[PDB]
């Protein structure tokens, strides 16, 4: 069918997030200024950044210089945990918008659940900036299922997505099931599992069958799942074009089950003490 070879957007409780995004996590400012313009030319329309990454300024510059109308880009940033108290929260959002050279972001996330600031205060501030017209959609990041349920319950506005580490080596069964019940999506980071993916023999085998790399296989395995969005880090023009070409093909049912078997109890890469929650077991 005509639309099955094209990138989809993912219904994310009303947010419609493009299934593949340009993630600026792990990217320097200079890397962003070089590569993001090319990404946008090539056809990327979802850009993901955060206060803590320190590259919002360059994201803003790159988008502005691209000549892509603002309304055509889906732009996400994240509130850093140091900015969680109400007044710091509101101020940090205005500051992000100055760096991003726009009056609104499409999506604003709480970056991590771990904080002394009450959840309802953070969720309250998310809703405030949404109502102010500074944020179109609100969401969360690295929340466990208990916190997802709590966020959905406390928030007047729907929670669009939970952005979490997700790759073949980390099982997200419980998180996905909760997301789908609550109507939110899951946004994946670390699809490549810090280099494990290109070295995986099973993924290279499946990739071979389709004329695709192990990397494209992992990206496809994510993007082929219902309600899953994937962020890619492309620090060179070559990975850029490769990562984008994942709507060409589909994995068989058996290929999907096999990639799912790669999950390991020690597969999680990102686990900062204090910020990370008690992950679902």
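Positions refer to the first chain, counted from 1.
On average the C-alpha atoms of 202-210 have higher B-factors than those of the other stretch, with 202-210 and 171-179 being the two compared.
Per-stretch averaging of Cα B factors for 122-130 and 67-75 places 67-75 on top. Across the residues 52, 35, 59, 229, the deposited record lists the maximum Cα B factor for 35. Of the candidates 196, 136, 85, 98, the deposited coordinates give 196 the top C-alpha B factor. Among all modelled residues in this chain, the alpha-carbon of residue 30 has a temperature factor (C-alpha) in the highest third. Sort the modelled residues of the chain by CA B factor and residue 219 lands in the middle third.
Placement of the Cα temperature factor of residue 19 within the chain: lowest third of the modelled residues, per the deposited record.
Residue 46: CA B factor in the lowest third of modelled residues in this chain (values from the PDB entry).
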